[PDB]
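If you read the sequence from its start, that first residue is 1, and numbering goes on from there. Reckoned from all heavy atoms, side chains included, excluding hydrogens, waters and symmetry mates.
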Amino acid sequence: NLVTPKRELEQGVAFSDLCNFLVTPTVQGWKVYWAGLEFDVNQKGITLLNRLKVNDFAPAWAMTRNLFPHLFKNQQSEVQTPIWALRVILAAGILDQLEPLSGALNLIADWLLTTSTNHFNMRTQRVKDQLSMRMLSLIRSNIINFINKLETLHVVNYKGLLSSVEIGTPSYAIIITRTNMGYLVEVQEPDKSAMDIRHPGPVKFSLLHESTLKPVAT
């Protein structure tokens, strides 16, 4: 034996911080706390995305509607909560640079991204055995790095400066675009079937106001 393990506390804390997605209401909107990271989410942008979807006549929004027709002119797109937008971004932060942790990490990301449950029921006892300060630290570091990358994006522009990132996996495609309001977040099927003009596939999307990630960037 090289080092005596004393891991109960460690595993208890990692389990708590990784497997509980904490949301509480605040005056502005909601505070979210996950993996020891704190985010203030507000309502800004939601009503705009909703109005934007309606097939009414509005020349002022013609360009935006025509820029993202798969979001704004599509009966199968659905606006989600800003909480959802944050969950997608956290998952993307895990997947972005994604050896034994991989499995577990993926699980956590899939939980964040494909469900709205606040507790993550571990699939197997072995994956649960994976929970550690090291896994938590890796996850936080990944998320911070991805937030920093996001903060380098330019708003949609006419000059060819990067304005979006895309994360692909076999189960889904994530696209995150910097707009004047914040991060436009979308999840489409892996083949990106929402992008097909003749029959636009289903797509979930929302907006995370730019106030939310700023303070967590380093």
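- Not one N or O on the side chain of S206 forms a donor-acceptor pair closer than 3.5 Å with the backbone of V79.
- Cluster membership check: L95 shares its hydrophobic cluster with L90, using side-chain heavy-atom separations under 4.5 Å among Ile, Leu, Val, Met, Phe, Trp and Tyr.
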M135 and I139: CA distance, side-chain angles, deciding distance, side chain to side chain contact (heavy atoms under 4.5 Å, CB included) verdict: CA-CA 6 Å; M135 170 178 298; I139 287 172; 3.9 Å; yes
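- The shortest non-hydrogen separation linking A194 to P202 is CB-O, 4.1 Å.
- To the nearest 0.5 Å, atoms CE (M122) and CG (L107) are separated by 7.0 Å.
- The stretch residues 159-170 participates, sequence neighbours left out, in these side-chain hydrogen bond (donor to acceptor under 3.5 Å, both in side chains) pairs: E166-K192.
- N106 places a side-chain N or O within 3.5 Å of a backbone atom of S102 that can act as its donor or acceptor partner.
- Grouping the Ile, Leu, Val, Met, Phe, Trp and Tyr side chains by contacts below 4.5 angstrom, directly or via other members, places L184 apart from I174.
- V13 and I143 sit in two unconnected hydrophobic clusters of ILVMFWY residues. Membership requires side-chain heavy atoms under 4.5 Å apart, directly or through other members.
- The shortest side-chain heavy-atom distance between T26 and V41 does not fall under the 4.5 Å cut-off.
- Between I176 and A92 the shortest heavy-atom distance is CD1-CB, 4.1 Å.
- Interatomic distance, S211 OG to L213 CG, rounded to the nearest 0.5 Å: 9.0 Å.
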Trace of the side chain to side chain contact (heavy atoms under 4.5 Å, CB included) decision for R87 with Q80: CA-CA 11 Å; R87 290 178 66 122; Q80 311 295 312; over 6 Å; no
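- Side chains of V216 and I144 form a contact here, defined as non-hydrogen atoms less than 4.5 Å apart.
- The two atoms that bring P82 and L208 nearest to each other are O-CD1, 3.9 Å, heavy atoms only.
- Put simply, the residue from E186, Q188, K53, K204 that forms a side chain to side chain donor-acceptor pair (under 3.5 Å) with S77 is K53.
- Rounded to the nearest 0.5 angstrom, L153 CG and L162 CG are separated by 7.0 Å.
- For the pair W34 (side chain) and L18 (backbone), a donor-acceptor distance under 3.5 Å is present.
- Expressed to the nearest 0.5 Å, how far CD1 of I147 lies from OG1 of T212 amounts to 10.0 Å.
- Within the 4.5 Å cutoff, the side chain of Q11 has no heavy atoms near those of the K128 side chain.
- The shortest side-chain heavy-atom distance between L113 and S171 does not fall under the 4.5 Å cut-off.
- Residues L105 and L138 are in side-chain contact: their nearest non-hydrogen atoms beyond the backbone lie under 4.5 Å apart.
- Contact between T24 and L22 at its shortest, heavy atoms only, is CG2-CD2, 3.5 Å.
- One hydrophobic cluster, built from ILVMFWY side chains closer than 4.5 Å, holds both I94 and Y172.
- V23 places none of its side-chain heavy atoms less than 4.5 Å from the side chain of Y33.
- Heavy-atom neighbours of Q125 CD from other residues, nucleotides or ligands within 6.0 Å: above the threshold of 12.
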Residue pair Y183, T177: steps toward the side chain to side chain contact (heavy atoms under 4.5 Å, CB included) verdict: CA-CA 6 Å; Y183 296 101; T177 300; over 6 Å; no
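- Summarising the local packing, CG of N55 is surrounded by 12 or fewer heavy atoms from other residues, nucleotides or ligands at distances under 6.0 Å.
- Side-chain atoms of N74 come within 3.5 Å of backbone atoms of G201 as a donor-acceptor pair (strictly under, hydrogens ignored).
- Counting heavy-atom neighbours within 6.0 Å of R51 CZ, excluding the residue itself, gives a total above 12.
- With hydrogens and angles disregarded, a donor-acceptor distance shorter than 3.5 Å links the side chain of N148 to the backbone of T218.
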Derivation and outcome, salt bridge (charged side-chain N to carboxylate O under 4.0 Å, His left out), residues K214 and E151: CA-CA 7 Å; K214 212 190 94 185; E151 291 282 289; over 6 Å; no
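- Annotation: side chain of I175 is not in contact with side chain of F68 (no heavy-atom distance under 4.5 Å).
- Residues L131 and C19 come closest through the heavy atom pair CD1-SG, 4.2 Å.
- Within the structure, ring-ring contact (aromatic ring centres under 6.0 Å, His included) contacts touching residues 115-149 (residues at least two apart or in different chains) are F15-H119, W111-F120.
- Closest approach of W30 and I83 over heavy atoms only: CB-CD1, 3.9 Å.
- Once rounded to the nearest 0.5 Å, the distance linking CG of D40 with NE2 of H209 reads 12.5 Å.
- Side-chain contact between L86 and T81: absent, with no pair of heavy atoms (C-beta onward) separated by less than 4.5 Å.
- Although no hydrogens or angles enter the test, the distance criterion places no donor-acceptor pair under 3.5 Å between the side chain of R178 and the main chain of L150.
- For residues 4-13, the set of pairs meeting the salt bridge (charged side-chain N to carboxylate O under 4.0 Å, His left out) definition, not counting sequence neighbours, comprises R7-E10.
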Working for side chain to side chain contact (heavy atoms under 4.5 Å, CB included), residues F72 and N66: CA-CA 8 Å; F72 299 130; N66 289 311; over 6 Å; no
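- In summary, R65 and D56 engage in a salt bridge, as defined by a charged side-chain N under 4.0 Å from a carboxylate O.
- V156 and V165 fall into different hydrophobic clusters, where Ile, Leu, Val, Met, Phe, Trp and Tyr residues are linked whenever their side-chain heavy atoms come under 4.5 Å apart, directly or through other members.
- Taking CG of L136 as the reference point, atom CG of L37 lies at 8.5 Å (rounded to 0.5 Å).
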